[PDB]
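Report on the structure given below.
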Amino acid sequence: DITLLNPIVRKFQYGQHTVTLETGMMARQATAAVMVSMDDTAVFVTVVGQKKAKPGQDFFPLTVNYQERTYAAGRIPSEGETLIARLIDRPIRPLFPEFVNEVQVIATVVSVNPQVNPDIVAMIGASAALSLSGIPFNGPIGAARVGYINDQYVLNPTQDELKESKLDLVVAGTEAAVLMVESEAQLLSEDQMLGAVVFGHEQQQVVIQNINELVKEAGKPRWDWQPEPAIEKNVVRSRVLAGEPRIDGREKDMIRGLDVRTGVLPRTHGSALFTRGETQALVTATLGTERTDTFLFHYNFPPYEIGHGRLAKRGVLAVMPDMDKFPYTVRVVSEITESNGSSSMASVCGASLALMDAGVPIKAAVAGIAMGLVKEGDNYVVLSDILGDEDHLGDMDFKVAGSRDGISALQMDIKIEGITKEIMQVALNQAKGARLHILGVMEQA
Amino acid sequence: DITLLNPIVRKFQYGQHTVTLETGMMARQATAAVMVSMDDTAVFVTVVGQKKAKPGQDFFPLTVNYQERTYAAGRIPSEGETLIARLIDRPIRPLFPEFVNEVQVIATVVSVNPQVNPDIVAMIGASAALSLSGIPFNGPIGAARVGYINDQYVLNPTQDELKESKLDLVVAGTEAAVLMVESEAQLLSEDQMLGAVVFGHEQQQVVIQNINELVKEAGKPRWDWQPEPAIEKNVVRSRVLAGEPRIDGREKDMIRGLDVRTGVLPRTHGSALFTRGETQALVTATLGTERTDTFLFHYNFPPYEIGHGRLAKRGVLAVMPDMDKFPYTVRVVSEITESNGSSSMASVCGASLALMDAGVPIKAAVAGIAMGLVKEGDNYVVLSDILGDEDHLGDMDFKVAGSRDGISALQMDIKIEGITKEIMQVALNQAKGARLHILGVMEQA
Amino acid sequence: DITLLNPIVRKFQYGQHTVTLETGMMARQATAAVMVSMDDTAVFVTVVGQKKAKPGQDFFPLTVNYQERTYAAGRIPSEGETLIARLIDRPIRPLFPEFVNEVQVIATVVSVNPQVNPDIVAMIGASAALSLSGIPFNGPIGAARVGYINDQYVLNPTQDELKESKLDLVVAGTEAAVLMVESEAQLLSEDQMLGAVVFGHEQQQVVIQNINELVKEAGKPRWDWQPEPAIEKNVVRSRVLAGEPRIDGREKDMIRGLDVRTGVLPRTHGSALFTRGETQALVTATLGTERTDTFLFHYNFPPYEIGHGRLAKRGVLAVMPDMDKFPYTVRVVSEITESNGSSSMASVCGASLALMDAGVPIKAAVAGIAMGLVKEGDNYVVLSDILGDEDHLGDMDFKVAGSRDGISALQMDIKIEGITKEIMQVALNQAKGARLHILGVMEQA
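Protein chains in written order, with the deposited numbering: chain A, 21 to 97, 108 to 128, 130 to 260, 322 to 381, 394 to 408, 423 to 563; chain A', 21 to 97, 108 to 128, 130 to 260, 322 to 381, 394 to 408, 423 to 563; chain A'', 21 to 97, 108 to 128, 130 to 260, 322 to 381, 394 to 408, 423 to 563. A prime marks a further copy of an entry chain.
What follows is the structure, encoded as structure tokens:
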């Protein structure tokens, strides 16, 4: 080579793979640019952010772009690639000091090894890049996928090691706390689902360590910017603790009445109307004889590319038939006739019903539930079946899907950091009962 | 089922099918939502409209969305679906009291029976929904498709009953008057084409009756809103009656000079330049060996998804060869090199020419003509071959396509309501001669 | 035919084809509309431009639309059609008097003969139309494609006469000077590449002559409009002559240091990082077993349909293997990780490297180079390897791609008109050495 260049290369071991960080050579005009690599699956992340904000619209323009290249795979030719841009956006957005100068993160997979998934590699890149960007960014985050094989947690399992796994769980967070979780599981227990979040959280620490050690070795100057010096509740967010709490002083283990109708539509193979509170979903299942999924899930939304519902799919997936036994392509559509935005934990329940109505031999019924948490000092309240307004509240909100015996899907967005464990278990164990309750009703239809 | 719910279900017979209206259960947060059904072909219409307008831009934001679902048909996967959103928008827009708070109608076919077309079912839904919406909406409209089989008008014929039919005509209107007509016909007479509009108008009455009876049983409070207290003609719209009338005091049976050129293009199978007045169309026909149409019609429009020209297609369709006799796929494109917006009644003539030039054995020549009507009190004037400015005038404008012996297509947008019949026949019979005149010229080329 | 009409038809011979101009019959409401035709390959160009400008944003809204029709080819169904809209926009934009009333040119191929390419036919149309449009337009331009067969320049060669040709070059300009050149060549010499630009420039004169003769016979009144009475350099554009010249007083034969890395990516068949100055390209080559190109070139650009890089393709194309010898589909992607906008003359170099790394038996290495020219009176300076800011300077900027022995691609945008030849040869011969220099470095990797 010719080499006028200076790339700084840090290389640490990770699980059984050797990660490798590299900055300084590519995209210099960019606030920060890193080439992250793991067993030659390489994502090239970039961070560019403003300089100065504009009239303070009082909002934070933050966008992340994940794009997978075909030459990356050695092939000749936005997907659910926007879903992975979702796994990058979720855990880093709240790591920004209370900020409105715009930032743009862009991960581009430039090389791929089918065994080493680029999605967590891209997170690490988004992590490193933002750290070197001296842009006000609370610490560095790590990223870890956790499987379960031969009954124990596994770090960043391969694409086919995942075949034996009963778990697929992604965790990202800081040295101090976990910030986001995306799990798909095989009806595993609240505890098993938790030995996962902590397992992976303890593992990311290696990543975070190498990043700060590299920000020292090459990281750019942290920008100064401290910031300036009209309705919101705090009040619902303040009577919130051992106070009655509001529109429907639902106690706090109250879940709301349901409406469960089956065979709602004439020419569909299966159907179910599920309405609980302000939300409503007309779910249908239709049988039939890229690719393949033989299990398809679609969302039709009302008026004026939500995949947080790949969640609903993950939620249902655990109960879908073995396929050698029910050989059919199954397609579930959830039509949200009405509501607040927040969900399908309801489309999970909806789908579970439609499928049954459709005559699909699903391993068990499945239901979804949205939980919430508020914590001041050390008095925390777990909210069961949170409604539209009980969110955007702060601290923590999570979702859980599953049958009567276990969890099929787990999602968590923890924004405060004083929450470690028994707490997370008080919550994750209350949500369990609240979930069995719902399954209780659905079972009557 | 579980049933916390209250759906109000009205069910009336219609022709030989049993329609069924249902409100109250689905989409409650919506101003109005109805599930209309006919022999298990169900459309779920919704109406949402503002609350208060904004600065009175002085325009009426009204949009309709028709969407057909694949699970509706029990299948695993905007079209001309926007054309059906056209059949809903046309007849209801003028039923709004002289209104600028925005309204949004959304029909979504949720179930389908291939025999019972969802398009008129969606109209009825848009009708019922808007009525229950207490939103200022002049009465309720009905909807009816009319066929001709064994020589007599038929109500909502099936998809294959339509195979024997020489007519396909859709009529929508109020208890008092017809508002819009979309017909395709087999060179049937002005009278036959009219026994159709009235036949179907008398039939919709059943629909309208059940709707008002249901608005009483469940309809929401009619909103109050009455409204406030700078160029337009009225003058052309006032000298309009037995006065000379304008830029080209075209009498009122005047049709304008034509320009008919054939074989205009070198490598096309057939071609024709048709220019009359300000409008001009370069039409071509190209032979060859979803789907199928073996007769295709496309519009290329000039500069800075018009299907009111499916009309031109319908206009031409009646003369296309039997296909066992001319076995070829025929594709007509109309390139509007110039004009006013208003048409292809000219692309009908254009196409008829191009096809002939292309050597396509069409049953006869076909021509299009745009008519217009103004009525104050009881003095009405029928305008032959209306031009760009003679429209947007008010009262009534209609189009007719066909050969020398009969009508192939009929379109009507009646906005005033004092027009019943001989009148419509004076007009529909004047347009006939005005049409034969044009065929007279085309025949020389 | 019926003929109320008056089309003015001028017909001149061109090379071995008979061109034909026609105005007056079609699109009369348009400022100017012409039907240009050559051996029955007809483009129908149209010109519409404003009337009056608006607040003088101080910019010139000029858009050109080239669209090829399928019925044009007698077939039943934006491309690189936007690239041909590029060959129309390039040579006419600078022919506008120093103008901000918006203009819109639209060429639509309405008939095609596979032998007579519509692209230069559309240019002539854009030429004629704009001339008749009396819109302030400096003279009339011609257009000519030049081949090389049996060792001599050829005028508008057929699609298959081009099979024997070592040249494909398009030139457009005024009676006085050449304005734009787009060439693809087979490693032909700077001189051969020049006997081409002048050959075709002398040939277009016929076109220009017939156009002015037709503007006289039918051209519309030239509009009056003369125009009104805050940072830009002139200074860099003034010290520019025999003065040191700037950020990096690069002499003026200086080309900047390079960074040449190969095998940069893990799972790609070939790869190369090429970084020179502010620009950087991560190029890759991937082998494999409409259509066909078996040589593909794609550009991935960074953040917030550039085909001036079909140029990079043309640049590389001359060295790609004979295909009977290397039978594989080759796909090159250029990922611009960073820069100024200006290029791939760098993706040419990048690609040449990636291909070599990929093991593709390319006939020789190839490199790209961006040149520039400034001229006041008769003192002109040729700038080698111009950078981001040395452009948008004025007078002339051009690019050249090729191996060590000859030119593979040549692009020129001449905006001033005092430049005739030795000058163009001083430049085109300096760029040659500057190009061999770069090949000198690449050869070390």
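A virtual CB, placed ideally from N, CA and C, is assigned to each residue, including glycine.
Problem set entry | Expected contact under 8 angstroms - CB spacing of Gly156 of chain A' and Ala138 of chain A' to nearest Å | Within the second sequence, the letter at position 125 stands for residue 156 of chain A'. Within the second sequence, the letter at position 107 stands for residue 138 of chain A'. For a cut-off of 8 angstroms, the C-beta gap from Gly156 of chain A' to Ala138 of chain A' is around 6 angstroms, short enough to register as a contact.
Exercise. Is there at least one Cβ from chain A nearer than 8 angstroms to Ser142 of chain A''s Cβ?
Worked result: Here residue 142 of chain A' refers to the residue found at position 111 of the second sequence. Yes - at least one Cβ of chain A is within 8 angstroms of the one on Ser142 of chain A'.
Problem set entry | Interface residues of the segment 541-558 of chain A' facing chain A'' [CB-CB below 9 angstroms] | Correct list: empty, as no residue qualifies.
Exercise. How is the alpha helix (DSSP H) around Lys247 of chain A delimited, first residue to last?
Worked result: The residue you call residue 247 of chain A lines up with position 216 of the first sequence. Per DSSP, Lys247 of chain A belongs to the alpha helix (DSSP H) from 223-249.
Exercise. Between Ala227 of chain A and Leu198 of chain A, which are expected to be in contact by the criterion C-beta below 8 angstroms, what is the C-beta distance as a whole number of angstroms?
Worked result: As a first step, residue 227 of chain A is located in the first sequence; it is residue number 196 there, counting from the start. As a first step, residue 198 of chain A is located in the first sequence; it is residue number 167 there, counting from the start. About 6 angstroms; that satisfies the 8 angstroms criterion.
Problem set entry | Any beta strand (DSSP E) of 3 or more consecutive residues that is wholly inside the segment 457-526 of chain A' | You should have 485-494, 497-501, 514-520.
For this session: Could you list which residues in chain A'' have their beta carbon closer than 8 angstroms to that of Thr396 of chain A', in chain order?
Result: By one-based count along the second sequence, residue 396 of chain A' stands at place 292. Within chain A'', no residue comes near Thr396 of chain A'; the closest Cβ sits about 12 angstroms away, beyond 8 angstroms.
Problem set entry | Residues in the segment 353-368 of chain A'' having any Cβ partner in chain A nearer than 8 angstroms | Within the segment 353-368 of chain A'', the qualifying residues are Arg353, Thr354, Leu357, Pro358, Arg359, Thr360, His361, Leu365, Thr367.
Exercise. Under 8 angstroms between C-beta atoms, does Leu374 of chain A make it to chain A'?
Worked result: Your numbering for residue 374 of chain A matches position 282 in the first sequence. Closer than 8 angstroms: yes.
Problem set entry | Within chain A, partners of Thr43 of chain A' - CB distance below 7 angstroms | Here residue 43 of chain A' is taken as the residue at index 23 of the second sequence, counted from 1. Below the 7 angstroms Cβ cutoff, chain A contributes no neighbours of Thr43 of chain A', its closest Cβ being approximately 12 angstroms away.
Exercise. Given 8 angstroms as the limit, is there contact between the segment 132-147 of chain A' and the segment 76-88 of chain A', that is, 3 or more CB pairs closer than that?
Worked result: Yes, the segment 132-147 of chain A' touches the segment 76-88 of chain A'.
Exercise. Bridge partners of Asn404 of chain A, per DSSP?
Worked result: Numbered from its first residue, the first sequence carries residue 404 of chain A at position 300. As computed with DSSP, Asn404 of chain A is found in a beta bridge with A:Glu453.
Exercise. Going along chain A' in order, which residues have a C-beta closer than 7 angstroms to the C-beta of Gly349 of chain A?
Worked result: Here residue 349 of chain A refers to the residue found at position 257 of the first sequence. Going along chain A' in sequence order, the residues near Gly349 of chain A (Cβ under 7 angstroms) are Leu24.
Exercise. By the criterion of Cβ-Cβ separation under 8 angstroms, what are the contact partners of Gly94 of chain A' in chain C?
Worked result: You won't find chain C in this structure, because its protein chains are A, A' and A''.
Exercise. In three-state terms, what does DSSP make of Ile323 of chain A''?
Worked result: Position 231 of the third sequence, counted from the start, is the residue given in the question as residue 323 of chain A''. Coil at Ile323 of chain A'', not helix or strand.
Problem set entry | Closest Cα partner of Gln36 of chain A within the set A:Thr398, A:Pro188, A:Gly165 | For this step, residue 36 of chain A is matched to residue 16 along the first sequence. Scanning A:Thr398, A:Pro188, A:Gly165 for the CA closest to the CA of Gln36 of chain A turns up A:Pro188.
For this session: Using only alpha-carbon positions, find the residue among A:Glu206, A:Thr43, A:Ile504, A:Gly425 that is nearest to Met514 of chain A.
Result: If you number the first sequence from 1, residue 514 of chain A lands on position 396. It is A:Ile504 whose Cα lies nearest to the Cα of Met514 of chain A.
Exercise. Between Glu221 of chain A and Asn547 of chain A, which are expected to be in contact by the criterion C-beta below 8 angstroms, what is the C-beta distance as a whole number of angstroms?
Worked result: For this step, residue 221 of chain A is matched to residue 190 along the first sequence. For this step, residue 547 of chain A is matched to residue 429 along the first sequence. About 6 angstroms separates the two Cβ atoms, so the contact holds.
Problem set entry | Within 9 angstroms of chain A'' by C-beta, residues of the segment 436-449 of chain A' in sequence order | The segment 436-449 of chain A' vs chain A'', Cβ under 9 angstroms: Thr447, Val448, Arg449.
Exercise. So, is the C-beta of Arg48 of chain A'' closer than 8 angstroms to a C-beta in chain A'?
Worked result: Indexing the third sequence from 1 puts residue 48 of chain A'' at position 28. Yes, because at least one Cβ of chain A' sits closer than 8 angstroms to the Cβ of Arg48 of chain A''.
Problem set entry | Alpha-carbon to alpha-carbon, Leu471 of chain A' and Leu218 of chain A' | For the purposes of this step, residue 218 of chain A' is taken as residue 187 along the second sequence, with counting starting at 1. For the purposes of this step, residue 471 of chain A' is taken as residue 353 along the second sequence, with counting starting at 1. For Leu218 of chain A' and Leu471 of chain A', the distance between alpha carbons rounds to 18 angstroms.
Exercise. Is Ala92 of chain A'' helix, strand or coil by DSSP?
Worked result: Translated into positions along the third sequence, residue 92 of chain A'' becomes position 72. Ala92 of chain A'': helix per DSSP, three-state reduction.
Exercise. Exposed or buried, what is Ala203 of chain A'' when buried is set at 16 or more other beta-carbons lying within 10 Å of its beta-carbon?
Worked result: As a working mapping, residue 203 of chain A'' is identified with position 172 in the third sequence. With a 10 Å radius around the Cβ and a threshold of 16 neighbouring Cβ atoms, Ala203 of chain A'' comes out buried.
Exercise. If you draw a straight line from the alpha carbon of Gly551 of chain A' to that of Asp507 of chain A', how long is it in whole angstroms?
Worked result: Position 433 of the second sequence, counted from the start, is the residue given in the question as residue 551 of chain A'. Position 389 of the second sequence, counted from the start, is the residue given in the question as residue 507 of chain A'. Between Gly551 of chain A' and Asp507 of chain A', the C-alpha separation is close to 22 angstroms.
For this session: Could you please give the first and the last residue of the uninterrupted alpha helix (DSSP H) stretch that includes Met560 of chain A'?
Result: Within the second sequence, the letter at position 442 stands for residue 560 of chain A'. Where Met560 of chain A' is concerned, the enclosing alpha helix (DSSP H) stretches over 541-560.
Problem set entry | Best match in A:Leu25, A:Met55, A:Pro121, A:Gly520 for proximity to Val39 of chain A [C-alpha to C-alpha] | Walking along the first sequence from the start, residue 39 of chain A turns up at place 19. The candidate whose alpha carbon is nearest that of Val39 of chain A is A:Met55.
Exercise. Within 8 angstroms (strictly less), CB to CB, does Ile137 of chain A'' reach chain A'?
Worked result: Mapped onto the third sequence, residue 137 of chain A'' falls at position 106. Chain A' contact via Cβ: present.
Problem set entry | Residues that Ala464 of chain A' contacts on chain A'', provided the C-beta gap is smaller than 8 angstroms | Along the second sequence, one-based indexing puts residue 464 of chain A' at 346. Within chain A'', no residue comes near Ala464 of chain A'; the closest Cβ sits about 14 angstroms away, beyond 8 angstroms.
Exercise. Once you ignore the five residues that flank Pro27 of chain A' on each side, which residues in its own chain have a CB closer than 6 angstroms to its CB?
Worked result: Within the second sequence, residue 27 of chain A' is the residue found at index 7, counting from 1. Within its own chain, the residues whose Cβ lies closer than 6 angstroms to the Cβ of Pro27 of chain A', once the five positions on either side in sequence are excluded, are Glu42, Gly44, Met45, listed in chain order.
Exercise. For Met530 of chain A'', does the three-state DSSP call read helix, strand or coil?
Worked result: Reading the third sequence from its first residue, position 412 is the one you call residue 530 of chain A''. Looking at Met530 of chain A'' - three-state DSSP - the assignment turns out to be strand.
For this session: Assign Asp150 of chain A' to one of three DSSP states: helix, strand, or coil.
Result: The sequence position of residue 150 of chain A' within the second sequence is 119, counting from 1. Correct three-state label for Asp150 of chain A': helix.
For this session: Find out if the Cβ-Cβ distance for the pair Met542 of chain A', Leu225 of chain A' is shorter than 8 angstroms.
Result: For the purposes of this step, residue 542 of chain A' is identified with residue 424 of the second sequence, where counting begins at 1. For the purposes of this step, residue 225 of chain A' is identified with residue 194 of the second sequence, where counting begins at 1. Cβ atoms of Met542 of chain A' and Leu225 of chain A': closer than 8 angstroms.
For this session: Starting from the Cα of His510 of chain A, find the closest Cα among A:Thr23, A:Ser521, A:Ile532 and give me that residue.
Result: On the first sequence, residue 510 of chain A is found 392 positions in, with the first residue counted as 1. Comparing Cα positions, the closest option is A:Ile532.
Exercise. On the three-pair Cβ rule with 8 angstroms, is the segment 234-246 of chain A' touching the segment 158-175 of chain A'?
Worked result: These segments touch.
Problem set entry | Min CB distance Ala485 of chain A' to chain A'' below 8 angstroms | Here residue 485 of chain A' refers to the residue found at position 367 of the second sequence. With respect to chain A'', the C-beta atom of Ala485 of chain A' has no partner C-beta closer than 8 angstroms.
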